[PDB]
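Asker:
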Amino acid sequence: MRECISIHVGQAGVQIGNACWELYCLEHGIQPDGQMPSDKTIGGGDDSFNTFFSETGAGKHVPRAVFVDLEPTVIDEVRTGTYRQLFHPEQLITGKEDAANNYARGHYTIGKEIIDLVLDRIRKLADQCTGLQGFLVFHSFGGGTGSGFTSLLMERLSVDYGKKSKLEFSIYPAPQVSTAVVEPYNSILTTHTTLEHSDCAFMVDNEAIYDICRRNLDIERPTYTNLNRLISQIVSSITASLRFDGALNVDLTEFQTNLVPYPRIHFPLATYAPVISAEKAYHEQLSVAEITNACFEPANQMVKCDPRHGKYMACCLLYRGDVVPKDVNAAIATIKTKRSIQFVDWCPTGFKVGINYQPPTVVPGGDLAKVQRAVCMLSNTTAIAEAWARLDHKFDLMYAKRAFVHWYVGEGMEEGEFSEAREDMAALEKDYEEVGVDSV
Amino acid sequence: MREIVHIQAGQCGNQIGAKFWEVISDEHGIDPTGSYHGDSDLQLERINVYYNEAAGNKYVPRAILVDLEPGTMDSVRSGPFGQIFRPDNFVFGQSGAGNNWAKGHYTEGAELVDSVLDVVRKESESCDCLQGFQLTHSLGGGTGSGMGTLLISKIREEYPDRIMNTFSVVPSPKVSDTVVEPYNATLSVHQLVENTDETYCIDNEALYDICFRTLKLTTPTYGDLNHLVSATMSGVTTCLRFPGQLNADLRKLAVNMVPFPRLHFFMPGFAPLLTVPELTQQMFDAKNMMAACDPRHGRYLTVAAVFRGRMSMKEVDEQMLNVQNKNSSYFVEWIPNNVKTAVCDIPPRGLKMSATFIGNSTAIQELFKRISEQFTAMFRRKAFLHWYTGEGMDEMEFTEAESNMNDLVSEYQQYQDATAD
Amino acid sequence: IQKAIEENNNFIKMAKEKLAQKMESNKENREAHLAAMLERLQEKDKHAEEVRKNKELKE
Ligand SMILES: Nc1nc2c(ncn2[C@@H]2O[C@H](COP(=O)(O)OP(=O)(O)OP(=O)(O)O)[C@@H](O)[C@H]2O)c(=O)[nH]1
Ligand SMILES: Nc1nc2c(ncn2[C@@H]2O[C@H](COP(=O)(O)OP(=O)(O)O)[C@@H](O)[C@H]2O)c(=O)[nH]1
Ligand SMILES: Nc1nc(NCc2ccc3c(c2)OCO3)cc(-c2cccc3[nH]ccc23)n1
Ligand SMILES: [Ca+2]
Ligand SMILES: [Mg+2]
Ligand SMILES: [Mg+2]
Numbered sequence: 001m002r003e004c005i006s007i008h009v010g011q012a013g014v015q016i017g018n019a020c021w022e023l024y025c026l027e028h029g030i031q032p033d034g035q036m037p038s039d040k041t042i043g044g045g046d047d048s049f050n051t052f053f054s055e056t057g058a059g060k061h062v063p064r065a066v067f068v069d070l071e072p073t074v075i076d077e078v079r080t081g082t083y084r085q086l087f088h089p090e091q092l093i094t095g096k097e098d099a100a101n102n103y104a105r106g107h108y109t110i111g112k113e114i115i116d117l118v119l120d121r122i123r124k125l126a127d128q129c130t131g132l133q134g135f136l137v138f139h140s141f142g143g144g145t146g147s148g149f150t151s152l153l154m155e156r157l158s159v160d161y162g163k164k165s166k167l168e169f170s171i172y173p174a175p176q177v178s179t180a181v182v183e184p185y186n187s188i189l190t191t192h193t194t195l196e197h198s199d200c201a202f203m204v205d206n207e208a209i210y211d212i213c214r215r216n217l218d219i220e221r222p223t224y225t226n227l228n229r230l231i232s233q234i235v236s237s238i239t240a241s242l243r244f245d246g247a248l249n250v251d252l253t254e255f256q257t258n259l260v261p262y263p264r265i266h267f268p269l270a271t272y273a274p275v276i277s278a279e280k281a282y283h284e285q286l287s288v289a290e291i292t293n294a295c296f297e298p299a300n301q302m303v304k305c306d307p308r309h310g311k312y313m314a315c316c317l318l319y320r321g322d323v324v325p326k327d328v329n330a331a332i333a334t335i336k337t338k339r340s341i342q343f344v345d346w347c348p349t350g351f352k353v354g355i356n357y358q359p360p361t362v363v364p365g366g367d368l369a370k371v372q373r374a375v376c377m378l379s380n381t382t383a384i385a386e387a388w389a390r391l392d393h394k395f396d397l398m399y400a401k402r403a404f405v406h407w408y409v410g411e412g413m414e415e416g417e418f419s420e421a422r423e424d425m426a427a428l429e430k431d432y433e434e435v436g437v438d439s440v
Numbered sequence: 001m002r003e004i005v006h007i008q009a010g011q012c013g014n015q016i017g018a019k020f021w022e023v024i025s026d027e028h029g030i031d032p033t034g035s036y037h038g039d040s041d042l043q044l045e046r047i048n049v050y051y052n053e054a055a056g057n058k059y060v061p062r063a064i065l066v067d068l069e070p071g072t073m074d075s076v077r078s079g080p081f082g083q084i085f086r087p088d089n090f091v092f093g094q095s096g097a098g099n100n101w102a103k104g105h106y107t108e109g110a111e112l113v114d115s116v117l118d119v120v121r122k123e124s125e126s127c128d129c130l131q132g133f134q135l136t137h138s139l140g141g142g143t144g145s146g147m148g149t150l151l152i153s154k155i156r157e158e159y160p161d162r163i164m165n166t167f168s169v170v171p172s173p174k175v176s177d178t179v180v181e182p183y184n185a186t187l188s189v190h191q192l193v194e195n196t197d198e199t200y201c202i203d204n205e206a207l208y209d210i211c212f213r214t215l216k217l218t219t220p221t222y223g224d225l226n227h228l229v230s231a232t233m234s235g236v237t238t239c240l241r242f243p244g245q246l247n248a249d250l251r252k253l254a255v256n257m258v259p260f261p262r263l264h265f266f267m268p269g270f271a272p273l284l285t286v287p288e289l290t291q292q293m294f295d296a297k298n299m300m301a302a303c304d305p306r307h308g309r310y311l312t313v314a315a316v317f318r319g320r321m322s323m324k325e326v327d328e329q330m331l332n333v334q335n336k337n338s339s340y341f342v343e344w345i346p347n348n349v350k351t352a353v354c355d356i357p358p367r368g369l370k371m372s373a374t375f376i377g378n379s380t381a382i383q384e385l386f387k388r389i390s391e392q393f394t395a396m397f398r399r400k401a402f403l404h405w406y407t408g409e410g411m412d413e414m415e416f417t418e419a420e421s422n423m424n425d426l427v428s429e430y431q432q433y434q435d436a437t438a439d
Numbered sequence: 083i084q085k086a087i088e089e090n091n092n093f094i095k096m097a098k099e100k101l102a103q104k105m106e107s108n109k110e111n112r113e114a115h116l117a118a119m120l121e122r123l124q125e126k127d128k129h130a131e132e133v134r135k136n137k138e139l140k141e
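Protein chains in written order, with PDB author numbering: chain C, 1 to 440; chain D, 1 to 273, 284 to 358, 367 to 439; chain E, 83 to 141.
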C-alpha cells in the first residue's frame with residue numbers, strides 16, 4: 001500500500017503533470033487507454049507501481065492524481081489529448097477565469113470558489129487508499145494559481161490530513177522564459193504561506209533547466225515541452241524508489257529523513273546526469289564515474305547557486321539502471337579525494353546511496369538520449385539560499401515603490417501580508433546562515 | 001469562452017472602429033457577410049474573443065456602435081463590411097453635440113446612455129466569460145469624449161470587476177482647428193485617470209507627423225491616419241487573438257503592464273512605417299511612436315513588444331536583450347524584467371515582418387503637458403466657457419480636471435526621478 | 083503518545099483558525115473596496131443630477 005496522491009496546480013503544474021504521467025506510463029508499460037498487460041492482478045494489487053496507479057475491475061490503471069487550474073485551456077488539452085482515457089473526468093478540475101498572475105486571486109477571490117470541490121475530489125482519491133503516505137504537489141511559484149491556490153490548498157490539506165506528508169515540486173521563476181514582473185511577489189507570498197505546511201520542496205529554476213537544454217541538448221530556444229521532459233526525468237528519478245521494487249532501492253522517505261535537519265530547512269538541491277543528445281551519446285557510453293562527477297558540476301544543478309561556497313548537510317545519490325555498488329564506491333572515493341565537498345560540523349559526511357535497476361526511459365521523438373545508467377543527486381546545501389536572495393532582492397526593488405501592489409490590495413490583501421512574508425523570508429535566509437556556522 | 005465586448009462612440013470612434021473590424025476580419029478570413037473563408041484553423045481558434053457565432057456559421061462582431069449623429073450610422077452601414085454588424089447594435093441620437101463635452105456627458109448623452117447600456121447588457125449576458133471592454137473614441141470632439149466617459153462610468157457601475165480598455169485619439173491642431181478641443185480632452189482625461197485600466201494614447205499629432213514626414217503624404221487624410229491606427233490596434237490585440245503559446249486574458253496583461261493605477265496611459269508604436287535588429291531599433295525610435303513623446307525624455311515603467319511574421323525567436327530574444335542593455339538608462343531599475351515580448355506567426367496584410375510597441379513611459383507626461391498648455395491658454399481667459407456652464411457645468415469642474423491632469427504629470431515625473439538606492 | 087496527539091491537534095486547530103481569520107479579513111477588505119468605488123460612482127450620479135437641475139433652472 002502506502003500510496004501517493006499527486007496534485008498538479010496551474011499551467012506549469014499541469015503540464016509537468018502531463019510529462020510525468022506520460023513518462024510513468026512508459027516506464028511501467030501502461031498504454032494510453034490505461035491497460036497494463038504485464039499486470040496479472042486485475043482490479044487491484046500491492047505492486048510497487050500501485051503506489052501511483054489504482055486499478056479498475058476493467059483493467060484500467062488510473063493515476064492517483066488531481067489536476068486543477070482556474071481556467072480551462074491547459075486542462076482542456078489534457079481532456080482532448082493522447083492520454084485523455086488515462087484519467088477519470090472528475091480528476092480534471094477547471095474554473096472559468098484564472099488568477100491573472102495575482103496570488104490574491106488564486107488564494108482568495110477565485111480560489112475560494114473551487115477549493116471545496118477540489119478537496120472533495122482529493123478526498124475521493126484518499127478513500128481508495130489503504131495506507132496513504134502523502135501528497136506530491138506540482139506548481140509554479142510565479143502564476144496566480146500556482147502560487148495562491150497552491151498555498152490555500154496546502155493550508156486546507158494540513159487541516160484535513162494533519163501531518164500526513166506533503167512534498168512540493170516548485171517552478172522557480174526566471175526572466176529568460178515567459179515571465180511576469182510580479183512573479184517575485186507571488187513567490188514570496190507562497191513560500192511564506194506554504195513554509196509551515198510543506199515537509200520537503202524540490203525547487204526547479206527555469207533558468208537552470210533552460211541552460212541545460214541549450215548547452216547539453218543543443219536546443220537553440222527550448223520550449224516548455226523540452227523543459228518538462230527533463231523535469232519529468234528528475235521527478236521520475238525521485239519517485240522511482242516509490243514506484244519500483246528492488247533490493248538496493250532506498251525509500252524516498254528514508255532520504256527525506258536525511259535531507260531535512262530542521263522543519264524550515266527543507267529545500268534540497270537536485271542535480272541530474274547525464275543530459276545528452278542522441279548525436280553525442282552515440283559511441284560514447286557514460287560510466288558511473290562520469291555521471292557521478294557530473295553530479296558535482298553546478299551547470300547540471302536544478303537551481304542556480306554555488307554549492308562550492310556553502311556547506312553540505314546531506315548528500316544522497318539515486319542511481320538507476322546498469323549500476324553496481326562497486327562502481328559507485330570507486331566513483332565516490334574519487335570525488336571525495338578530488339572535490340570541494342565540505343559538510344557542516346554537526347552532521348556526518350557519508351553519502352547515502354540508492355540504486356534502482358529499472359533503466360531510464362525517454363519519450364519517443366524526444367531530445368534526450370536513452371542511456372543505460374543515470375543518477376540524481378539530492379543535496380541539502382546552504383548555497384540554495386542564494387536563490388532566495390535573488391528573489392528577495394527583486395521583491396525589495398518593487399515593494400519599496402509599492403509597484404503593482406494595488407492589484408493585490410484590490411483583491412482584499414493587506415500590505416501587512418507583504419511585509420510579514422518578506423520578514424519570514426529574511427528569517428529563512430538567516431536560518432540558512434546560522435546552520436552553516438561551526439559549533440562551539 | 002473569453003469574450004471581449006467592443007464599443008465605438010462618435011465619428012472618430014466609429015471610423016477607427018470600422019477600420020479595426022475590417023483589418024481583423026481580414027486577418028481571420030471573415031468576409032463582409034460574416035462567412036469564414038480562410039485556409040487555417042489558427043484563424044478560428046480564438047475567433048470568439050471578438051466574434052459571436054450566429055446561425056449559418058455566421059460570425060458577427062461583438063460590437064456596439066454609438067453616435068449622437070445618425071449620419072455615421074448610414075456611413076458605417078454602407079462602408080466596407082457594413083452588413084457584418086448586428087443591426088440592433090446601432091444606437092444613434094439625433095442632433096449632434098457640436099464639439100461640446102457637456103452634451104455628450106451630461107445632457108443628450110445621458111438621455112441615450114440607457115439604450116446603449118441595454119445593448120451592452122444583451123451582448124454581455126450571452127458571454128461565456130466576459131473578460132471586459134474596449135472603447136474606440138476621440139477625446140477632442142463632443143460625443144466620444146463626453147458620452148464615452150459616461151459609458152465607461154456606467155459600465156464600471158454594472159461590471160466593476162471587468163477590464164475597461166480605451167483607444168483614445170488625442171486632439172492636435174494639425175488635424176483639427178476646432179478651438180475648444182483641449183477642454184474636451186482635459187475633461188475626458190480626468191474621467192479616464194479614474195475609470196479605465198489601460199488607455200492607448202493615439203495622438204493625432206504623431207499620426208500627422210508620420211504621414212507627412214515619414215510616409216511622404218503631402219496632404220494627409222483621415223484615411224491615412226486611420227491606416228496607422230488600425231495597424232497599431234491589430235498589433236496590440238494580436239496576442240489575445242492568435243495566442244500561439246501565450247495564455248492570457250485582459251486582466252493578466254493589465255497586471256503585467258500597470259504598476260500604479262493612475263499611470264495607465266500607453267504610447268503605441270509601429271515598425272516599419284528588413285532584419286530583426288532593424289525592427290527592434292526602429293520600434294524604440296521616437297519617430298515610430300503613436301504619441302508625440304520622446305521616450306528618451308523619460309523612463310519606461312513597462313514595455314510590451316509584439317513581433318509578427320516568420321522570424322527567429324532566438325534572434326528576437328537576442329535583440330530585445332541588446333536593446334535593453336544598450337538603452338538601460340531608459341528603464342526604471344526598480345522594476346526588474348519589465349520588458350515583455352510576444353511573437354505571432356501570422357503577419358499583417368502586405369508585410370513579411372512587423373513590430374508593435376506598447377510603452378508605459380513617464381515621457382507620456384509630454385503629451386499631457388501639451389494638452390494642459392492649450393487648456394490653460396483658454397481657461398485663463400475663460401474663453402468659450404459659456405458653452406459648458408450653459409449645460410449646468412461649473413468652472414470648478416474645469417479647475418479640478420486641470421488640477422488632476424497636472425497631478426498625473428507630477429506623478430509621472432516622481433517615478434521618472436525615483437531611484438533604487 | 084498523548085503529547086504527540088495533542089501537538090497534531092494543536093497544529094490542525096491553529097491552521098484552521100488562521101485560515102478562517104485570513105479569509106474573513108480578505109472578504110471584508112474586498113467588499114469595502116467595491117463599496118467605496120460604488121460610493122464614488124453614486125457621488126457622480128448625484129453630481130450629474132445637480133448638473134441637469136442647474137441646467138433646467140437656468141432656463
Ligand atoms: N518549467 C515550466 N514552467 C512553466 C510551465 N508553464 C508555465 N511555467 C512557468 O510558470 C510561471 C507562470 O505561471 P503559470 O503556471 O503559467 O500560471 P498559473 O498557475 O496558470 O496561474 P494564472 O494563470 O495566473 O492564474 C512562469 O514562471 C512560467 O515560466 C511549464 O510548462 N514548465
Ligand atoms: N485619427 C483620427 N482622428 C479623428 C477621426 N475623426 C475625427 N478625429 C478627431 O476627432 C476630433 C473630433 O471628435 P469627433 O469624434 O469627430 O466628435 P464626435 O464624434 O461628434 O463625438 C477631432 O479632434 C479630430 O481630430 C479619424 O477618423 N481619425
Ligand atoms: N496590457 C496590454 N498589453 C498588450 N500587449 C501584448 C502582450 C503580450 C504578452 C504579454 C503581455 C502583453 O504582458 C504579459 O505577456 C495588449 C493589450 C490589449 C489592450 C486592449 C485590448 C486588447 N485586446 C487584445 C489585447 C489587448 N493590453
Ligand atoms: Ca561520438
Ligand atoms: Mg493559467
Ligand atoms: Mg460632437
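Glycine included, every Cβ here is placed at the ideal spot set by N, Cα and C.
Suppose you measure from the CA of residue 317 of chain D to the CA of residue 97 of chain D; what does that come to, to the nearest Å?
Answerer: Counting from 1 along the second sequence, the entry for residue 317 of chain D is found at position 307. Counting from 1 along the second sequence, the entry for residue 97 of chain D is found at position 97. Roughly 40 Å between the two C-alpha positions.
Asker: At a Cβ cut of 8 Å, what residues of the segment 108-122 of chain C count as close to chain E, listed as they run along the chain?
Answerer: 108, 109 and 112
Asker: Report, in whole angstroms, the separation of the C-beta atoms of residue 238 of chain C and residue 252 of chain C, which I expect to be a contact under 8 Å.
Answerer: Counting from 1 along the first sequence, the entry for residue 238 of chain C is found at position 238. Counting from 1 along the first sequence, the entry for residue 252 of chain C is found at position 252. Residue 238 of chain C to residue 252 of chain C, Cβ: 6 Å. Contact.
Asker: Label residue 1 of chain C either buried or exposed according to how many other C-beta atoms from any shown protein chain fall within 10 Å of its C-beta, with 16 as the threshold for buried.
Answerer: As a first step, residue 1 of chain C is located in the first sequence; it is residue number 1 there, counting from the start. Exposed, because fewer than 16 other Cβ atoms sit within 10 Å of the Cβ of residue 1 of chain C.
Asker: Check each candidate in C:377, C:428 and C:44 and name the one with the smallest Cα separation from residue 262 of chain C.
Answerer: One-based indexing of the first sequence puts residue 262 of chain C at position 262. Selected option, being the one with the closest Cα: C:428.
Asker: Between which two residues does the alpha helix (DSSP H) holding residue 318 of chain D run?
Answerer: Along the second sequence, one-based indexing puts residue 318 of chain D at 308. Counting along the chain, residue 318 of chain D falls outside any alpha helix (DSSP H), though it belongs to the beta strand (DSSP E) covering 310-319.
Asker: Would you mind giving the Cβ-Cβ distance between residue 513 of chain C and residue 85 of chain C, rounded to the nearest angstrom? I have them listed as a contact below 8 Å.
Answerer: Since the first residue of chain C shown is 1 and the last is 440, residue 513 of chain C is not available in this structure.
Asker: Could you tell me whether the Cβ atoms of residue 372 of chain C and residue 322 of chain C are closer together than 7 Å?
Answerer: One-based indexing of the first sequence puts residue 372 of chain C at position 372. One-based indexing of the first sequence puts residue 322 of chain C at position 322. Yes, these two residues count as a Cβ contact at 7 Å.
Asker: Excluding the 5 residues flanking residue 356 of chain C on each side, which residues of the same chain have their C-beta closer than 8 Å to its C-beta?
Answerer: Along the first sequence, one-based indexing puts residue 356 of chain C at 356. If we look at residue 356 of chain C and ignore the five residues flanking it on each side, its Cβ neighbours are 240, 241, 244, 246, 248, 249, 318, 319, 320 and 321.
Asker: Compare the Cα-Cα distances from residue 91 of chain C to each of C:6, C:256 and C:222 and report the closest residue.
Answerer: As a position in the first sequence, residue 91 of chain C is number 91, starting the count at 1. Of the listed residues, the one whose Cα sits closest to residue 91 of chain C is C:6.
Asker: I want to see whether chain D comes within less than 7 Å of residue 390 of chain C, judged by CB atoms only; does it?
Answerer: As a working mapping, residue 390 of chain C is identified with position 390 in the first sequence. Answer no: the Cβ-Cβ gap between residue 390 of chain C and chain D never drops below 7 Å.
Asker: Whole angstroms is fine: what's the gap from residue 278 of chain D's alpha carbon to residue 125 of chain D's?
Answerer: Regarding the residue in question, residue 278 of chain D is not represented: chain D runs 273 and then 284, omitting everything in between.
Asker: For ligand 8, is there any heavy atom lying closer than 6 Å to the beta carbon of residue 98 of chain C?
Answerer: The model depicted lacks ligand 8 and carries ligand 1, ligand 2, ligand 3, ligand 4, ligand 5 and ligand 6 instead.
Asker: In whole angstroms, what is the alpha-carbon distance linking residue 235 of chain D and residue 410 of chain D?
Answerer: Taking the first residue of the second sequence as position 1, residue 235 of chain D is located at position 235. Taking the first residue of the second sequence as position 1, residue 410 of chain D is located at position 392. Computed Cα separation, rounded: 41 Å.
Asker: Nearest to residue 365 of chain C by alpha carbon, out of C:123, C:225, C:175 and C:50?
Answerer: One-based indexing of the first sequence puts residue 365 of chain C at position 365. Closest option to residue 365 of chain C, Cα to Cα, is C:225.
Asker: Considering only residues of the segment 260-287 of chain C, which uninterrupted beta strand (DSSP E) runs meet the minimum length of 3 residues and lie entirely inside it, listed in chain order?
Answerer: Counting only runs of 3 or more, we get 269-273.
Asker: Indicate the three-state DSSP secondary structure (helix, strand or coil) for residue 198 of chain D in the structure shown.
Answerer: In the second sequence, the residue the question calls residue 198 of chain D occupies position 198. Residue 198 of chain D falls in the strand class under three-state DSSP.
Asker: Kindly indicate which residue of D:113, D:233 and D:136 has the alpha-carbon position closest to the one of residue 63 of chain D.
Answerer: Mapped onto the second sequence, residue 63 of chain D falls at position 63. Closest by C-alpha distance to residue 63 of chain D, out of D:113, D:233 and D:136, is D:136.
Asker: Got a sec: does ligand 1 put a non-hydrogen atom nearer than 6 Å to the Cβ of residue 410 of chain C?
Answerer: Walking along the first sequence from the start, residue 410 of chain C turns up at place 410. Result no, Cβ not under 6 Å from ligand 1.
Asker: How about residue 12 of chain C: is its Cβ closer than 6 Å to a heavy atom in ligand 1?
Answerer: What you label residue 12 of chain C is simply residue 12 of the first sequence in a count that begins at 1. Yes, Cβ of residue 12 of chain C sits closer than 6 Å to a heavy atom of ligand 1.
Asker: For residue 442 of chain D, which residues from the same chain have a beta carbon less than 7 Å from its beta carbon, with the 5 sequence-adjacent residues on both sides left out?
Answerer: Since the first residue of chain D shown is 1 and the last is 439, residue 442 of chain D is not available in this structure.
Asker: Shorter than 6 Å, the distance from the beta carbon of residue 12 of chain D to the closest heavy atom of ligand 2, or not?
Answerer: Sequence index remark: in the second sequence, residue 12 of chain D carries index 12 (1-based). Between ligand 2 and the CB of residue 12 of chain D, the shortest heavy atom gap is smaller than 6 Å.
Asker: Which bits of chain C does residue 261 of chain D rub up against, with CB to CB less than 8 Å?
Answerer: As a first step, residue 261 of chain D is located in the second sequence; it is residue number 261 there, counting from the start. 406, listed in chain order.
Asker: Looking at chain C, is there any beta carbon in it that lies within less than 7 Å of the beta carbon of residue 129 of chain E?
Answerer: Within the third sequence, numbered from 1, the residue matching residue 129 of chain E stands at position 47. By this cut-off, residue 129 of chain E is not an interface position.
Asker: 7 Å is my cut-off, CB to CB: does residue 344 of chain D come that close to chain C?
Answerer: If you number the second sequence from 1, residue 344 of chain D lands on position 334. Using a CB distance cut-off of 7 Å, residue 344 of chain D counts as an interface residue toward chain C.
Asker: What I want to know is whether the C-beta of residue 15 of chain D ends up closer than 6 Å to one or more non-hydrogen atoms of ligand 2.
Answerer: Position 15 of the second sequence holds residue 15 of chain D. Yes - ligand 2 has a heavy atom lying nearer than 6 Å to the Cβ of residue 15 of chain D.
Asker: Is there at least one non-hydrogen atom of ligand 6 closer than 6 Å to the beta-carbon of residue 184 of chain D?
Answerer: Locating residue 184 of chain D in the second sequence gives position 184, counting from the first residue. For ligand 6, not one heavy atom lies less than 6 Å from the Cβ of residue 184 of chain D.
Asker: Under 7 Å between beta-carbons, which chain C residues line up against residue 323 of chain D? List them in chain order, please.
Answerer: The count along the second sequence starts at 1 and reaches residue 323 of chain D at position 313. 221, listed in chain order.
Asker: Would you kindly work out how many angstroms separate the C-alpha atoms of residue 94 of chain D and residue 208 of chain D, rounded to a whole number?
Answerer: One-based indexing of the second sequence puts residue 94 of chain D at position 94. One-based indexing of the second sequence puts residue 208 of chain D at position 208. Those two C-alpha atoms are separated by around 31 Å.
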